[PDB]
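Take a look at the structure set out below.
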Amino acid sequence: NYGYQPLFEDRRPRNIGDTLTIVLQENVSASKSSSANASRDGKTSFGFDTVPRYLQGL
Amino acid sequence: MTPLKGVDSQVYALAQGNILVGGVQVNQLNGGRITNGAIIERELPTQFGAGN
(Lines give C-alpha, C1' and ligand atoms only; values in the text may rest on other atoms or scores of the structure.)
Protein backbone atom coordinates (compact mmCIF):
# COMPACT_ATOMS: atom_id res chain seq x y z
CA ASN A 1 0.00 0.00 0.00
CA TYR A 2 1.35 3.39 -1.08
CA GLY A 3 -1.44 5.54 0.35
CA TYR A 4 -0.92 8.37 2.81
CA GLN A 5 -1.67 7.65 6.47
CA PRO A 6 -1.82 10.34 9.19
CA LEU A 7 0.02 9.92 12.48
CA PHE A 8 -2.00 11.79 15.13
CA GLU A 9 -5.52 11.07 13.87
CA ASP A 10 -7.75 8.43 15.47
CA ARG A 11 -7.36 5.82 12.68
CA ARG A 12 -11.04 5.95 11.76
CA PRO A 13 -12.20 3.78 8.85
CA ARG A 14 -11.83 5.67 5.58
CA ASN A 15 -12.01 3.22 2.63
CA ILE A 16 -14.09 0.25 1.52
CA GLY A 17 -11.96 -2.37 3.25
CA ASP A 18 -11.71 -0.53 6.57
CA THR A 19 -13.18 -2.26 9.62
CA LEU A 20 -15.09 -0.65 12.49
CA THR A 21 -16.22 -1.88 15.90
CA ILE A 22 -19.89 -1.51 16.87
CA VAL A 23 -21.17 -1.71 20.44
CA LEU A 24 -24.88 -2.45 20.17
CA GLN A 25 -26.03 -1.33 23.64
CA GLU A 26 -29.60 -1.01 22.41
CA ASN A 27 -32.38 -0.45 24.95
CA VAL A 28 -35.88 0.60 23.87
CA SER A 29 -38.98 0.62 26.06
CA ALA A 30 -42.44 2.00 25.26
CA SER A 31 -45.63 1.80 27.32
CA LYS A 32 -49.23 2.91 26.80
CA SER A 33 -52.24 2.85 29.12
CA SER A 34 -55.81 4.14 29.07
CA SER A 35 -58.92 3.77 31.20
CA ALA A 36 -62.47 5.09 31.39
CA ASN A 37 -65.46 4.62 33.66
CA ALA A 38 -69.00 5.90 34.09
CA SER A 39 -71.39 5.01 36.91
CA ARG A 40 -74.95 6.26 37.42
CA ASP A 41 -77.16 5.10 40.29
CA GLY A 42 -80.60 6.31 41.30
CA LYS A 43 -83.43 5.20 43.56
CA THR A 44 -86.74 6.92 44.31
CA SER A 45 -89.36 5.95 46.87
CA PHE A 46 -92.61 7.30 48.28
CA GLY A 47 -95.28 5.77 50.51
CA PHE A 48 -97.92 6.85 53.01
CA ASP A 49 -98.62 3.77 55.16
CA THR A 50 -101.29 6.01 56.72
CA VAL A 51 -103.58 8.30 54.71
CA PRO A 52 -105.80 11.02 56.23
CA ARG A 53 -109.53 10.64 55.71
CA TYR A 54 -109.65 13.86 53.69
CA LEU A 55 -106.70 12.74 51.52
CA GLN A 56 -107.98 9.19 50.97
CA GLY A 57 -109.31 10.27 47.57
CA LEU A 58 -105.86 10.85 46.08
CA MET B 1 18.76 1.28 14.48
CA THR B 2 15.56 3.29 14.15
CA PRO B 3 13.69 2.95 10.82
CA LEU B 4 12.83 6.29 9.20
CA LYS B 5 9.58 6.08 7.23
CA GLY B 6 7.70 8.48 5.00
CA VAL B 7 4.06 9.51 5.12
CA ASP B 8 3.22 6.26 3.30
CA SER B 9 4.46 4.10 6.22
CA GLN B 10 7.40 2.81 4.14
CA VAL B 11 10.89 2.45 5.60
CA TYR B 12 13.05 4.93 3.68
CA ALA B 13 16.15 5.07 5.89
CA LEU B 14 17.89 3.49 8.87
CA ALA B 15 19.31 5.79 11.55
CA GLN B 16 21.94 4.80 14.11
CA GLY B 17 24.83 6.64 15.71
CA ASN B 18 25.86 8.95 18.54
CA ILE B 19 23.91 12.05 19.56
CA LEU B 20 25.71 15.40 19.74
CA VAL B 21 24.22 18.08 22.01
CA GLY B 22 25.48 21.45 23.14
CA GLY B 23 27.71 21.32 26.20
CA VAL B 24 22.00 32.61 31.20
CA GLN B 25 21.27 30.77 27.93
CA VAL B 26 21.41 27.01 28.48
CA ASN B 27 21.47 24.67 25.49
CA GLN B 28 18.76 22.16 24.59
CA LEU B 29 19.76 18.85 26.20
CA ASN B 30 16.64 16.93 25.09
CA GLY B 31 17.35 17.44 21.39
CA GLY B 32 20.43 16.48 19.40
CA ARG B 33 21.69 16.02 15.87
CA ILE B 34 23.45 13.07 14.24
CA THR B 35 25.55 13.90 11.18
CA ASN B 36 25.39 11.18 8.52
CA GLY B 37 23.51 9.11 11.09
CA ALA B 38 20.91 7.84 8.62
CA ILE B 39 21.58 5.63 5.60
CA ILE B 40 19.00 5.66 2.81
CA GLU B 41 17.29 2.41 1.85
CA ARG B 42 14.73 3.31 -0.83
CA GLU B 43 14.91 5.54 -3.91
CA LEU B 44 11.95 7.62 -5.09
CA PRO B 45 11.15 7.29 -8.82
CA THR B 46 11.31 10.59 -10.67
CA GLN B 47 10.29 11.94 -14.07
CA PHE B 48 13.50 13.96 -14.46
CA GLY B 49 14.97 13.52 -17.92
CA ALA B 50 11.57 12.75 -19.47
CA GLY B 51 9.57 15.24 -21.49
CA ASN B 52 10.73 18.53 -22.93
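Naming works like this for the C-alpha coordinates: A, B, ... for the chains as they're shown, residue 1 at the start of each chain, ligands 1 onward in shown order.
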
Inset, instruction - Show which residues sit within 12 Å of residue 14 in chain A, as a list in words. Count only C-alpha atoms, and ignore same-chain residues fewer than 5 positions away. - result: residues 3, 4, 5, 6, 9, 19 and 20 of chain A

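For range 11-28 of chain B, the set of protein, DNA and RNA residues having any atom at most 9 Å away, when counting only C-alpha atoms and skipping those fewer than 5 positions along the same chain, is residues 1, 2, 3, 4, 5, 6, 33, 34, 35, 36, 37, 38, 39, 40, 41, 42 and 43 of chain B.
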
Inset, instruction - May I have the residues of chain B within 9 Å of chain A, counting only C-alpha atoms, written as number ranges by chain? - result: B: 6-10

Export of the given selection (N, CA and C atoms) as a short mmCIF file (atom, residue, chain, number, x, y, z; two decimals), in the first residue's frame:
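As written to disk, again10.cif reads:
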data_model
loop_
_atom_site.label_atom_id
_atom_site.label_comp_id
_atom_site.auth_asym_id
_atom_site.auth_seq_id
_atom_site.Cartn_x
_atom_site.Cartn_y
_atom_site.Cartn_z
N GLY B 6 8.42 7.36 5.55
CA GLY B 6 7.70 8.48 5.00
C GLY B 6 6.24 8.49 5.42
N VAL B 7 5.48 9.41 4.83
CA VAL B 7 4.06 9.51 5.12
C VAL B 7 3.27 8.31 4.63
N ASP B 8 3.87 7.45 3.81
CA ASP B 8 3.22 6.26 3.30
C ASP B 8 3.48 5.03 4.16
N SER B 9 4.15 5.19 5.30
CA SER B 9 4.46 4.10 6.22
C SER B 9 5.52 3.15 5.66
N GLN B 10 6.34 3.61 4.73
CA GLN B 10 7.40 2.81 4.14
C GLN B 10 8.74 3.20 4.74
#

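Note that the spacing between CA of residue 11 in chain A and CA of residue 44 in chain B amounts to 26.3 Å.
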
Inset, instruction - From a DSSP pass on the backbone, collect the residues of chain B flagged as strand (DSSP E or B) and hand them back as a ChimeraX atom specification. - result: /B:2-5,11-15,20,33,38-40

Restricting it to N, CA, C and O atoms, dump the selection as a short mmCIF file (atom, residue, chain, number, x, y, z; two decimals), in the first residue's frame.
data_model
loop_
_atom_site.label_atom_id
_atom_site.label_comp_id
_atom_site.auth_asym_id
_atom_site.auth_seq_id
_atom_site.Cartn_x
_atom_site.Cartn_y
_atom_site.Cartn_z
N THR B 2 16.96 2.87 14.29
CA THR B 2 15.56 3.29 14.15
C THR B 2 15.20 3.40 12.67
O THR B 2 15.95 4.02 11.90
N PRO B 3 14.09 2.81 12.23
CA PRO B 3 13.69 2.95 10.82
C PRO B 3 12.97 4.27 10.59
O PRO B 3 12.01 4.60 11.29
N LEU B 4 13.43 5.02 9.60
CA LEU B 4 12.83 6.29 9.20
C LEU B 4 11.90 6.04 8.02
O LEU B 4 12.35 5.58 6.96
N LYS B 5 10.62 6.34 8.21
CA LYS B 5 9.58 6.08 7.23
C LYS B 5 8.96 7.38 6.76
O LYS B 5 8.97 8.39 7.48
N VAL B 11 9.57 2.20 5.03
CA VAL B 11 10.89 2.45 5.60
C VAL B 11 11.78 3.02 4.49
O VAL B 11 12.07 2.34 3.51
N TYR B 12 12.20 4.27 4.66
CA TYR B 12 13.05 4.93 3.68
C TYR B 12 14.49 5.10 4.13
O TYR B 12 15.35 5.36 3.29
N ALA B 13 14.78 4.95 5.42
CA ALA B 13 16.15 5.07 5.89
C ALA B 13 16.31 4.29 7.19
O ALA B 13 15.33 3.88 7.81
N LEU B 14 17.56 4.09 7.58
CA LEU B 14 17.89 3.49 8.87
C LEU B 14 18.87 4.40 9.59
O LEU B 14 19.93 4.73 9.04
N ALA B 15 18.53 4.82 10.80
CA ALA B 15 19.31 5.79 11.55
C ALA B 15 19.92 5.13 12.78
O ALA B 15 19.22 4.49 13.56
N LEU B 20 24.88 14.27 19.38
CA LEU B 20 25.71 15.40 19.74
C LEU B 20 24.81 16.54 20.20
O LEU B 20 23.94 16.98 19.45
N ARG B 33 21.55 16.26 17.29
CA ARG B 33 21.69 16.02 15.87
C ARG B 33 22.76 14.97 15.62
O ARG B 33 23.81 14.97 16.28
N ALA B 38 21.92 8.62 9.32
CA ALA B 38 20.91 7.84 8.62
C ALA B 38 21.43 7.44 7.25
O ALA B 38 21.99 8.26 6.52
N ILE B 39 21.23 6.17 6.91
CA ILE B 39 21.58 5.63 5.60
C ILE B 39 20.29 5.34 4.85
O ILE B 39 19.39 4.68 5.38
N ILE B 40 20.20 5.84 3.62
CA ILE B 40 19.00 5.66 2.81
C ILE B 40 18.83 4.19 2.46
O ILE B 40 19.80 3.41 2.43
#

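CA of residue 8 in chain A to CA of residue 25 in chain A spans 28.7 Å [interatomic distance, one decimal].
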
Legend entry - Point-to-point distance in Å for CA of residue 10 in chain A and CA of residue 23 in chain A: 17.5 Å
